[PDB]
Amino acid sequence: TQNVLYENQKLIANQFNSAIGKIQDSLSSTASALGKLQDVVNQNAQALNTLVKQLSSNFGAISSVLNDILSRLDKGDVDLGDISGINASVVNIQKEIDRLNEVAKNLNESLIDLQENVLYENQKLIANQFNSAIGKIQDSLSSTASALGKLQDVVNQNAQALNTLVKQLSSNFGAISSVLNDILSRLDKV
């Protein structure tokens, strides 16, 4: 009956509007988190590239001093592998962040403001199109999560390699410092 037909429209409208407002907040939150990740990723890329450049300069400085010692002892040439080829890439997802913020705003226009057969067949078609697109989107999110687990392993491997480097340095250079200490007590300063 007539009132039930309008009152329903009010429920469909009130519920739908509630979902839009919530979805808008989620879209803004996704845009905010994406922008923050973009920033720290690119900052960290620049920290690494600054590190590599300064290490090259420092290794050359060690290389020069060693040869001077060697030629002094003589009275050879040493090279250390260049690490200049190591480069950290930057990421650019600004276009996606913009679309998210744009649709977040666009949804204001999709809210239902009610006035106080063919359509059904057309409606069957639109949902199918959405179901096909939302499926491809969900598949992309799944494979990305799989890449994120594969990534966790890789970050663990260089956590291992980093600790291995640390102890190799403490062992080699601590031992040199002790051995040199005994040679220095035996020899006279120039």
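One rule holds for the numbers: they count along the sequence shown, beginning at 1.
Coordinates are lacking for 4 to 9 deposited residues between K75 and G76.
Coordinates are lacking for 10 or more deposited residues between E116 and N117. As recorded in the PDB entry, 149 to 157 is the stretch of 149 to 157 and 42 to 50 with the greater mean C-alpha temperature factor. A summary of the deposited B-factors shows that, of 181 to 189 and 3 to 11, the stretch with the larger mean C-alpha value is 3 to 11. Across the residues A33, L27, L165, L125, the deposited record lists the maximum Cα B factor for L125. Across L80, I97, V103, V91, the greatest Cα temperature factor reported in the deposited entry is at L80. In this PDB entry, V65 carries a Cα temperature factor that places it within the middle third of its chain's modelled residues. In this PDB entry, the Cα temperature factor of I134 sits in the top third of its chain's modelled residues, the highest group.
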